[PDB]
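Next up, my_file_2.cif (mmCIF, C-alpha atoms and all ligand atoms):
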```
data_upload
#
loop_
_atom_site.label_atom_id
_atom_site.label_comp_id
_atom_site.auth_asym_id
_atom_site.auth_seq_id
_atom_site.Cartn_x
_atom_site.Cartn_y
_atom_site.Cartn_z
CA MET A 63 0.00 0.00 0.00
CA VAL A 64 2.70 2.49 -1.03
CA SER A 65 2.36 6.08 -2.22
CA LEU A 66 1.88 6.99 -5.89
CA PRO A 67 4.68 8.94 -7.57
CA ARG A 68 4.34 12.50 -8.87
CA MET A 69 2.15 12.45 -11.98
CA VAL A 70 1.16 15.14 -14.46
CA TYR A 71 -2.32 15.02 -15.96
CA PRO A 72 -5.22 17.42 -16.73
CA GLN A 73 -7.44 18.46 -13.83
CA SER A 74 -10.98 17.08 -13.71
CA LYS A 75 -13.79 19.65 -13.67
CA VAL A 76 -16.14 19.13 -10.73
CA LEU A 77 -18.90 21.07 -12.48
CA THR A 78 -18.60 19.08 -15.72
CA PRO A 79 -19.87 15.49 -16.18
CA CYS A 80 -17.32 13.22 -17.90
CA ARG A 81 -20.11 11.58 -19.93
CA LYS A 82 -23.45 13.31 -20.48
CA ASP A 83 -24.87 10.50 -22.60
CA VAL A 84 -24.65 7.57 -20.16
CA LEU A 85 -25.02 6.52 -16.53
CA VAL A 86 -21.55 6.22 -14.97
CA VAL A 87 -22.47 5.17 -11.42
CA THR A 88 -25.01 2.68 -10.04
CA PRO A 89 -27.48 3.42 -7.20
CA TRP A 90 -25.17 1.54 -4.79
CA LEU A 91 -22.28 3.77 -5.86
CA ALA A 92 -20.42 1.28 -8.03
CA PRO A 93 -18.83 2.82 -11.10
CA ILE A 94 -20.07 1.78 -14.54
CA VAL A 95 -16.96 1.63 -16.69
CA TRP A 96 -17.15 3.59 -19.94
CA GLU A 97 -14.35 5.11 -21.99
CA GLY A 98 -13.68 8.57 -20.57
CA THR A 99 -14.50 7.72 -16.96
CA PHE A 100 -10.99 6.58 -16.06
CA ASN A 101 -7.40 7.74 -16.35
CA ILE A 102 -5.62 4.48 -17.10
CA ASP A 103 -2.24 5.92 -16.09
CA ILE A 104 -3.39 6.49 -12.51
CA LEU A 105 -5.04 3.06 -12.34
CA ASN A 106 -2.03 1.31 -13.88
CA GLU A 107 0.18 2.89 -11.22
CA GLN A 108 -2.10 1.78 -8.40
CA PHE A 109 -2.29 -1.84 -9.51
CA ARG A 110 1.37 -2.21 -10.51
CA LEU A 111 2.46 -0.95 -7.09
CA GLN A 112 0.47 -3.89 -5.74
CA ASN A 113 2.17 -6.24 -8.21
CA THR A 114 -1.26 -7.40 -9.31
CA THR A 115 -1.66 -10.75 -11.07
CA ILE A 116 -4.79 -11.34 -13.15
CA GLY A 117 -6.05 -14.78 -14.03
CA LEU A 118 -8.02 -15.19 -17.25
CA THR A 119 -10.07 -18.36 -17.54
CA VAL A 120 -11.43 -19.81 -20.76
CA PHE A 121 -13.34 -22.99 -21.22
CA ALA A 122 -12.70 -24.54 -24.69
CA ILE A 123 -14.11 -27.95 -25.63
CA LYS A 124 -14.34 -29.85 -28.93
CA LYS A 125 -14.68 -27.51 -31.92
CA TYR A 126 -14.05 -24.43 -29.75
CA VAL A 127 -10.33 -25.14 -29.45
CA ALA A 128 -10.13 -23.57 -32.91
CA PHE A 129 -10.80 -20.13 -31.40
CA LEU A 130 -7.87 -20.26 -28.95
CA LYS A 131 -5.21 -18.89 -31.31
CA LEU A 132 -7.01 -15.61 -32.07
CA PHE A 133 -8.31 -15.31 -28.50
CA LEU A 134 -4.85 -15.58 -26.94
CA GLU A 135 -3.05 -13.53 -29.61
CA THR A 136 -5.48 -10.64 -29.21
CA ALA A 137 -5.39 -10.93 -25.41
CA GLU A 138 -1.63 -10.55 -25.68
CA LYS A 139 -2.20 -7.25 -27.46
CA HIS A 140 -5.03 -5.81 -25.36
CA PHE A 141 -5.55 -7.65 -22.05
CA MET A 142 -3.86 -6.27 -18.93
CA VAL A 143 -0.74 -5.37 -20.92
CA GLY A 144 2.05 -4.42 -18.53
CA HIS A 145 0.67 -6.51 -15.69
CA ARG A 146 1.17 -10.13 -14.64
CA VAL A 147 -1.30 -12.39 -16.42
CA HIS A 148 -1.96 -16.09 -15.97
CA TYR A 149 -4.17 -17.75 -18.58
CA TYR A 150 -6.09 -20.86 -17.58
CA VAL A 151 -7.32 -22.86 -20.55
CA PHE A 152 -9.64 -25.72 -19.58
CA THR A 153 -9.88 -28.13 -22.49
CA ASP A 154 -10.54 -31.74 -23.48
CA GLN A 155 -7.83 -31.50 -26.14
CA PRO A 156 -4.57 -30.51 -24.37
CA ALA A 157 -2.40 -31.26 -27.41
CA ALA A 158 -4.65 -29.05 -29.56
CA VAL A 159 -3.87 -25.82 -27.71
CA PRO A 160 -2.00 -23.42 -30.07
CA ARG A 161 1.59 -22.45 -29.29
CA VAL A 162 1.09 -18.72 -28.76
CA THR A 163 3.99 -16.38 -28.02
CA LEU A 164 3.49 -14.60 -24.70
CA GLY A 165 4.97 -11.33 -23.49
CA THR A 166 7.16 -11.20 -20.39
CA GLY A 167 5.40 -11.74 -17.06
CA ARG A 168 2.62 -13.73 -18.70
CA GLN A 169 2.02 -17.47 -18.51
CA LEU A 170 -0.47 -20.08 -19.63
CA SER A 171 -1.65 -23.24 -17.88
CA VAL A 172 -3.48 -25.96 -19.77
CA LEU A 173 -5.92 -27.93 -17.63
CA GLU A 174 -7.49 -31.06 -19.09
CA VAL A 175 -11.16 -31.70 -18.35
CA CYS A 196 -7.61 -26.99 -7.82
CA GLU A 197 -9.75 -24.10 -6.56
CA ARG A 198 -7.11 -23.57 -3.87
CA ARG A 199 -4.62 -22.95 -6.69
CA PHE A 200 -6.37 -19.78 -7.86
CA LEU A 201 -6.12 -18.26 -4.38
CA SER A 202 -2.37 -18.83 -4.46
CA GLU A 203 -1.58 -17.83 -8.05
CA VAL A 204 -3.70 -14.78 -8.85
CA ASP A 205 -5.30 -11.76 -7.20
CA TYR A 206 -8.25 -11.47 -9.57
CA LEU A 207 -10.08 -13.82 -11.90
CA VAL A 208 -11.75 -12.88 -15.16
CA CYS A 209 -14.09 -15.45 -16.72
CA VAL A 210 -14.96 -15.29 -20.43
CA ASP A 211 -15.71 -17.47 -23.47
CA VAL A 212 -13.12 -18.44 -26.09
CA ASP A 213 -15.04 -17.64 -29.29
CA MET A 214 -14.17 -13.96 -28.96
CA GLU A 215 -11.33 -11.59 -29.73
CA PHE A 216 -9.99 -8.46 -28.06
CA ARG A 217 -10.08 -5.40 -30.32
CA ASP A 218 -9.15 -2.69 -27.83
CA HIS A 219 -7.88 -2.04 -24.31
CA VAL A 220 -9.26 -4.20 -21.47
CA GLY A 221 -7.21 -3.32 -18.41
CA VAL A 222 -7.13 -2.87 -14.65
CA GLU A 223 -10.03 -0.42 -14.77
CA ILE A 224 -12.24 -3.54 -14.55
CA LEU A 225 -10.60 -4.96 -11.42
CA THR A 226 -12.66 -4.84 -8.23
CA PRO A 227 -13.99 -7.37 -5.70
CA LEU A 228 -16.89 -8.37 -7.94
CA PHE A 229 -17.97 -7.16 -11.38
CA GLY A 230 -20.71 -7.89 -13.89
CA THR A 231 -20.89 -6.75 -17.53
CA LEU A 232 -23.91 -5.17 -19.20
CA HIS A 233 -25.29 -7.45 -21.91
CA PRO A 234 -25.05 -5.62 -25.27
CA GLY A 235 -28.56 -6.65 -26.24
CA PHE A 236 -30.31 -5.20 -23.19
CA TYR A 237 -28.43 -2.16 -21.85
CA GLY A 238 -31.14 0.19 -23.13
CA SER A 239 -34.09 -2.08 -22.36
CA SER A 240 -36.68 -1.79 -19.59
CA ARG A 241 -36.29 -4.42 -16.87
CA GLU A 242 -39.58 -6.05 -17.90
CA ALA A 243 -37.87 -6.91 -21.20
CA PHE A 244 -34.82 -8.45 -19.51
CA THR A 245 -34.70 -12.18 -20.21
CA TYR A 246 -34.37 -13.18 -16.54
CA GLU A 247 -35.81 -16.53 -15.47
CA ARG A 248 -39.48 -15.71 -14.86
CA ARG A 249 -40.78 -18.95 -13.34
CA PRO A 250 -41.15 -18.89 -9.51
CA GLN A 251 -40.27 -22.58 -9.47
CA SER A 252 -36.67 -21.75 -10.38
CA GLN A 253 -33.97 -20.57 -7.98
CA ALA A 254 -33.02 -17.97 -10.62
CA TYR A 255 -36.51 -16.43 -10.55
CA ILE A 256 -36.74 -12.62 -10.72
CA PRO A 257 -40.16 -10.92 -10.85
CA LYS A 258 -41.00 -8.22 -13.41
CA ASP A 259 -40.63 -5.43 -10.85
CA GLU A 260 -37.12 -6.41 -9.74
CA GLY A 261 -33.72 -6.10 -11.39
CA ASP A 262 -31.03 -3.47 -11.87
CA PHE A 263 -29.39 -4.55 -15.13
CA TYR A 264 -29.15 -7.62 -17.34
CA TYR A 265 -25.63 -8.98 -16.96
CA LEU A 266 -23.68 -11.37 -19.16
CA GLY A 267 -23.01 -14.87 -17.93
CA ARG A 268 -19.97 -14.93 -20.20
CA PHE A 269 -17.95 -11.99 -18.83
CA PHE A 270 -17.64 -11.53 -15.09
CA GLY A 271 -14.87 -11.54 -12.52
CA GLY A 272 -13.45 -10.06 -9.36
CA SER A 273 -11.25 -11.25 -6.49
CA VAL A 274 -10.68 -14.99 -6.33
CA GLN A 275 -12.75 -15.12 -3.14
CA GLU A 276 -15.78 -13.34 -4.64
CA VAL A 277 -15.64 -15.21 -7.95
CA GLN A 278 -15.58 -18.62 -6.26
CA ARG A 279 -18.40 -17.45 -3.99
CA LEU A 280 -20.52 -16.64 -7.06
CA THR A 281 -19.70 -19.85 -8.94
CA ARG A 282 -20.40 -21.91 -5.81
CA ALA A 283 -23.80 -20.24 -5.38
CA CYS A 284 -24.64 -20.77 -9.05
CA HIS A 285 -23.60 -24.43 -8.87
CA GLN A 286 -25.77 -25.08 -5.82
CA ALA A 287 -28.75 -23.22 -7.30
CA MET A 288 -28.62 -25.08 -10.61
CA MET A 289 -28.54 -28.39 -8.72
CA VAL A 290 -31.68 -27.46 -6.77
CA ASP A 291 -33.37 -26.59 -10.07
CA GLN A 292 -32.27 -29.92 -11.53
CA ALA A 293 -33.72 -31.81 -8.57
CA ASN A 294 -36.95 -29.89 -9.12
CA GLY A 295 -36.92 -30.80 -12.80
CA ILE A 296 -36.46 -27.28 -14.13
CA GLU A 297 -33.77 -25.54 -16.21
CA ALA A 298 -33.36 -21.75 -16.21
CA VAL A 299 -34.13 -20.07 -19.54
CA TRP A 300 -30.54 -18.90 -20.01
CA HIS A 301 -28.90 -21.42 -17.71
CA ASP A 302 -25.77 -20.09 -15.96
CA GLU A 303 -26.55 -16.53 -17.06
CA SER A 304 -29.97 -16.61 -15.41
CA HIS A 305 -28.40 -17.65 -12.11
CA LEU A 306 -25.58 -15.11 -12.36
CA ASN A 307 -28.21 -12.42 -12.76
CA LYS A 308 -30.03 -13.63 -9.66
CA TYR A 309 -26.76 -13.60 -7.72
CA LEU A 310 -25.77 -10.08 -8.80
CA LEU A 311 -29.26 -8.81 -8.02
CA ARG A 312 -28.88 -10.05 -4.43
CA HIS A 313 -25.13 -9.30 -4.15
CA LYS A 314 -24.49 -5.99 -5.92
CA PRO A 315 -21.31 -5.87 -8.02
CA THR A 316 -18.66 -3.36 -6.92
CA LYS A 317 -18.12 -2.36 -10.55
CA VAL A 318 -20.25 -2.79 -13.67
CA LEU A 319 -18.65 -2.87 -17.11
CA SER A 320 -20.37 -1.12 -20.02
CA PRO A 321 -21.22 -3.01 -23.25
CA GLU A 322 -17.87 -1.78 -24.60
CA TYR A 323 -16.51 -4.87 -22.88
CA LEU A 324 -18.61 -7.45 -24.77
CA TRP A 325 -20.14 -6.47 -28.08
CA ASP A 326 -21.36 -8.01 -31.34
CA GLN A 327 -20.82 -5.57 -34.19
CA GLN A 328 -22.46 -7.90 -36.71
CA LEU A 329 -25.75 -7.83 -34.80
CA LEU A 330 -25.54 -4.37 -33.21
CA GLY A 331 -23.27 -2.20 -35.35
CA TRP A 332 -21.29 0.62 -33.73
CA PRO A 333 -23.53 3.10 -31.83
CA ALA A 334 -22.30 6.61 -31.01
CA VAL A 335 -22.63 5.76 -27.31
CA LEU A 336 -19.81 3.25 -27.80
CA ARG A 337 -16.47 5.04 -28.11
CA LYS A 338 -14.59 1.74 -28.16
CA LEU A 339 -15.40 -1.90 -28.95
CA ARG A 340 -12.97 -3.78 -26.70
CA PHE A 341 -14.03 -7.44 -26.69
CA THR A 342 -16.19 -8.85 -29.49
CA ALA A 343 -17.84 -11.95 -30.89
CA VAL A 344 -16.12 -13.60 -33.84
CA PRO A 345 -18.19 -13.86 -37.04
HG HG B 401 -13.68 -18.40 -13.75
HG HG B 402 -26.52 -17.89 -8.40
HG HG B 403 -23.38 -22.88 -12.49
HG HG B 404 -23.08 -18.14 -12.37
#
```
Would you mind writing the structure in this file as structure tokens?
Ligand SMILES: [Hg+2]
Ligand SMILES: [Hg+2]
Ligand SMILES: [Hg+2]
Ligand SMILES: [Hg+2]
Amino acid sequence: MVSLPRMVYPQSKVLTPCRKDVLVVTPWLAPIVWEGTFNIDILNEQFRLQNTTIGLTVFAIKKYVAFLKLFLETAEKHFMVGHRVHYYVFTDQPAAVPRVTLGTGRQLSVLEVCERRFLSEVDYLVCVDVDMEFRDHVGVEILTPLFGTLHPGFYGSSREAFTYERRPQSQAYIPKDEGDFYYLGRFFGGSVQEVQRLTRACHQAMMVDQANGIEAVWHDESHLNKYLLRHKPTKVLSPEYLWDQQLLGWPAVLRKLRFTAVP
């Protein structure tokens, strides 16, 4: 917890919003991360002084191993560059993992398809899908105890339109008058402790649903949304962090498209 060094950067105007087109803070005072809200130089300093290590987990089975090359190569160019990164690739085809060149301070572990390991190797965990590619900066501005990401297909929708599980018989049930945002099941993270807490809750909830003979409409995503409704995330990432340009184009509200679906 050392002091930051002298830094020179423009002063922020208290009587001027940084973004006048979007909500940059939630009702529970968690920032909503949009381009323009953060000074990456200040944040990089803070996390480097803590010698932060970020774990990135991807789950790639069968035909999905084909997406690993692009995923890892683009992560090397845009994900936590400058910081310690540990990639965890869970796959059923260990020998199929591409030999990707990694920058210094970055490593990759192949796990064929433990929890204690995460607590000892990384400070934060980021969980995403492999059939994606990084197109712009995704850095320490996302790090926090627990974060969710706004689904690109519902950020401007009314909660009634959110595709939450609507059947009371499911543990993921959320009535029409409840809900803050519709988060992505495929891009969340936080401290190892909070991430495992969320995954453990989701695992237990899905089992209860299975015993009751019911499956949530959007499976894991439905449960993650129930969890984040009851345990507010300490940071919320804007749709800049998970977008589909083919289906949604490039709206003016999006200054950057950082992580996207592959056509
Ligand atoms: Hg994970
Ligand atoms: Hg859950
Ligand atoms: Hg689960
Ligand atoms: Hg979950």
request  = One decimal, Å: what's the distance from atom CA of residue A:81 over to atom CA of residue A:332, could you say?
outcome  =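 Spanning atom CA of residue A:81 to atom CA of residue A:332 is a straight-line distance of 17.7 Å.
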Residue list as a list in words for point (-12.9, -8.6, -6.5), cut-off 10 Å, all atoms listed in the file =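 Checked against the point, the hits come out as residues 205, 206, 207, 208, 224, 225, 226, 227, 228, 229, 271, 272, 273, 274, 275, 276, 277, 315, 316 and 317 of chain A.
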task = Could you tell me which of A:319, A:210, A:296, A:147 comes closest to residue A:252 if we count all atoms listed in the file?
result =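 The closest residue to residue A:252 is A:296.
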task = Residues within 6 Å of ligand HG 404 (chain B), counting all atoms listed in the file: report them as a ChimeraX atom specification.
result = /A:281,284,302,305-306
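In this model, the gap between atom CA of residue A:75 and atom CA of residue A:98 comes to 13.1 Å.
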As a PDB file, in the coordinates of the input, the rebuilt stretch 118-141 of chain A with N, CA, C and O atoms:
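Resulting contents of rebuild19.pdb:
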```pdb
ATOM      1  N   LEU A 118      -6.997 -15.212 -16.215  1.00  0.00           N
ATOM      2  CA  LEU A 118      -8.020 -15.190 -17.250  1.00  0.00           C
ATOM      3  C   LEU A 118      -8.379 -16.636 -17.537  1.00  0.00           C
ATOM      4  O   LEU A 118      -7.518 -17.424 -17.939  1.00  0.00           O
ATOM      5  N   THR A 119      -9.640 -16.991 -17.320  1.00  0.00           N
ATOM      6  CA  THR A 119     -10.070 -18.360 -17.540  1.00  0.00           C
ATOM      7  C   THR A 119     -10.963 -18.520 -18.763  1.00  0.00           C
ATOM      8  O   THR A 119     -11.896 -17.746 -18.979  1.00  0.00           O
ATOM      9  N   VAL A 120     -10.647 -19.520 -19.576  1.00  0.00           N
ATOM     10  CA  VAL A 120     -11.430 -19.810 -20.760  1.00  0.00           C
ATOM     11  C   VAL A 120     -11.675 -21.295 -20.762  1.00  0.00           C
ATOM     12  O   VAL A 120     -10.820 -22.102 -20.394  1.00  0.00           O
ATOM     13  N   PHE A 121     -12.871 -21.633 -21.195  1.00  0.00           N
ATOM     14  CA  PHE A 121     -13.340 -22.990 -21.220  1.00  0.00           C
ATOM     15  C   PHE A 121     -13.551 -23.348 -22.709  1.00  0.00           C
ATOM     16  O   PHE A 121     -14.493 -22.879 -23.344  1.00  0.00           O
ATOM     17  N   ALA A 122     -12.641 -24.155 -23.267  1.00  0.00           N
ATOM     18  CA  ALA A 122     -12.700 -24.540 -24.690  1.00  0.00           C
ATOM     19  C   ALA A 122     -12.744 -26.041 -24.982  1.00  0.00           C
ATOM     20  O   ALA A 122     -11.723 -26.731 -24.918  1.00  0.00           O
ATOM     21  N   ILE A 123     -13.924 -26.534 -25.343  1.00  0.00           N
ATOM     22  CA  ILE A 123     -14.110 -27.950 -25.630  1.00  0.00           C
ATOM     23  C   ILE A 123     -14.469 -28.232 -27.095  1.00  0.00           C
ATOM     24  O   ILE A 123     -15.068 -27.401 -27.781  1.00  0.00           O
ATOM     25  N   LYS A 124     -14.087 -29.419 -27.558  1.00  0.00           N
ATOM     26  CA  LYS A 124     -14.340 -29.850 -28.930  1.00  0.00           C
ATOM     27  C   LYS A 124     -13.964 -28.813 -29.980  1.00  0.00           C
ATOM     28  O   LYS A 124     -12.836 -28.337 -30.010  1.00  0.00           O
ATOM     29  N   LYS A 125     -14.916 -28.465 -30.840  1.00  0.00           N
ATOM     30  CA  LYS A 125     -14.680 -27.510 -31.920  1.00  0.00           C
ATOM     31  C   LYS A 125     -14.227 -26.111 -31.483  1.00  0.00           C
ATOM     32  O   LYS A 125     -13.678 -25.363 -32.291  1.00  0.00           O
ATOM     33  N   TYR A 126     -14.437 -25.758 -30.219  1.00  0.00           N
ATOM     34  CA  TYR A 126     -14.050 -24.430 -29.750  1.00  0.00           C
ATOM     35  C   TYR A 126     -12.553 -24.208 -29.573  1.00  0.00           C
ATOM     36  O   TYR A 126     -12.111 -23.070 -29.416  1.00  0.00           O
ATOM     37  N   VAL A 127     -11.771 -25.282 -29.603  1.00  0.00           N
ATOM     38  CA  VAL A 127     -10.330 -25.140 -29.450  1.00  0.00           C
ATOM     39  C   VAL A 127      -9.771 -24.347 -30.629  1.00  0.00           C
ATOM     40  O   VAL A 127      -8.673 -23.788 -30.556  1.00  0.00           O
ATOM     41  N   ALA A 128     -10.542 -24.290 -31.712  1.00  0.00           N
ATOM     42  CA  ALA A 128     -10.130 -23.570 -32.910  1.00  0.00           C
ATOM     43  C   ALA A 128     -10.088 -22.055 -32.716  1.00  0.00           C
ATOM     44  O   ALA A 128      -9.454 -21.343 -33.497  1.00  0.00           O
ATOM     45  N   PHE A 129     -10.761 -21.565 -31.677  1.00  0.00           N
ATOM     46  CA  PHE A 129     -10.800 -20.130 -31.400  1.00  0.00           C
ATOM     47  C   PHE A 129      -9.670 -19.653 -30.485  1.00  0.00           C
ATOM     48  O   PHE A 129      -9.443 -18.452 -30.343  1.00  0.00           O
ATOM     49  N   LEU A 130      -8.958 -20.594 -29.875  1.00  0.00           N
ATOM     50  CA  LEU A 130      -7.870 -20.260 -28.950  1.00  0.00           C
ATOM     51  C   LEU A 130      -6.754 -19.376 -29.510  1.00  0.00           C
ATOM     52  O   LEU A 130      -6.311 -18.440 -28.846  1.00  0.00           O
ATOM     53  N   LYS A 131      -6.286 -19.674 -30.719  1.00  0.00           N
ATOM     54  CA  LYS A 131      -5.210 -18.890 -31.310  1.00  0.00           C
ATOM     55  C   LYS A 131      -5.520 -17.393 -31.336  1.00  0.00           C
ATOM     56  O   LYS A 131      -4.770 -16.593 -30.773  1.00  0.00           O
ATOM     57  N   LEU A 132      -6.629 -17.018 -31.972  1.00  0.00           N
ATOM     58  CA  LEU A 132      -7.010 -15.610 -32.070  1.00  0.00           C
ATOM     59  C   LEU A 132      -7.305 -15.003 -30.700  1.00  0.00           C
ATOM     60  O   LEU A 132      -6.943 -13.858 -30.433  1.00  0.00           O
ATOM     61  N   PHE A 133      -7.968 -15.773 -29.845  1.00  0.00           N
ATOM     62  CA  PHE A 133      -8.310 -15.310 -28.500  1.00  0.00           C
ATOM     63  C   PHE A 133      -7.053 -14.920 -27.725  1.00  0.00           C
ATOM     64  O   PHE A 133      -6.963 -13.817 -27.182  1.00  0.00           O
ATOM     65  N   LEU A 134      -6.089 -15.832 -27.668  1.00  0.00           N
ATOM     66  CA  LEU A 134      -4.850 -15.580 -26.940  1.00  0.00           C
ATOM     67  C   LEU A 134      -3.975 -14.512 -27.601  1.00  0.00           C
ATOM     68  O   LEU A 134      -3.399 -13.680 -26.908  1.00  0.00           O
ATOM     69  N   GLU A 135      -3.867 -14.530 -28.930  1.00  0.00           N
ATOM     70  CA  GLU A 135      -3.050 -13.530 -29.610  1.00  0.00           C
ATOM     71  C   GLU A 135      -3.589 -12.122 -29.379  1.00  0.00           C
ATOM     72  O   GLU A 135      -2.818 -11.184 -29.183  1.00  0.00           O
ATOM     73  N   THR A 136      -4.908 -11.964 -29.418  1.00  0.00           N
ATOM     74  CA  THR A 136      -5.480 -10.640 -29.210  1.00  0.00           C
ATOM     75  C   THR A 136      -5.429 -10.247 -27.734  1.00  0.00           C
ATOM     76  O   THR A 136      -5.334  -9.063 -27.415  1.00  0.00           O
ATOM     77  N   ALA A 137      -5.478 -11.232 -26.840  1.00  0.00           N
ATOM     78  CA  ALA A 137      -5.390 -10.930 -25.410  1.00  0.00           C
ATOM     79  C   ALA A 137      -3.981 -10.418 -25.143  1.00  0.00           C
ATOM     80  O   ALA A 137      -3.774  -9.524 -24.321  1.00  0.00           O
ATOM     81  N   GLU A 138      -3.006 -10.977 -25.852  1.00  0.00           N
ATOM     82  CA  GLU A 138      -1.630 -10.550 -25.680  1.00  0.00           C
ATOM     83  C   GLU A 138      -1.464  -9.085 -26.065  1.00  0.00           C
ATOM     84  O   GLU A 138      -0.616  -8.383 -25.514  1.00  0.00           O
ATOM     85  N   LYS A 139      -2.288  -8.623 -26.998  1.00  0.00           N
ATOM     86  CA  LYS A 139      -2.200  -7.250 -27.460  1.00  0.00           C
ATOM     87  C   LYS A 139      -3.042  -6.243 -26.677  1.00  0.00           C
ATOM     88  O   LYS A 139      -2.695  -5.061 -26.610  1.00  0.00           O
ATOM     89  N   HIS A 140      -4.130  -6.709 -26.069  1.00  0.00           N
ATOM     90  CA  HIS A 140      -5.030  -5.810 -25.360  1.00  0.00           C
ATOM     91  C   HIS A 140      -5.418  -6.097 -23.913  1.00  0.00           C
ATOM     92  O   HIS A 140      -5.984  -5.224 -23.257  1.00  0.00           O
ATOM     93  N   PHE A 141      -5.142  -7.297 -23.413  1.00  0.00           N
ATOM     94  CA  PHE A 141      -5.550  -7.650 -22.050  1.00  0.00           C
ATOM     95  C   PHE A 141      -4.498  -7.464 -20.965  1.00  0.00           C
ATOM     96  O   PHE A 141      -3.486  -8.155 -20.954  1.00  0.00           O
TER      97      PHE A 141
END
```
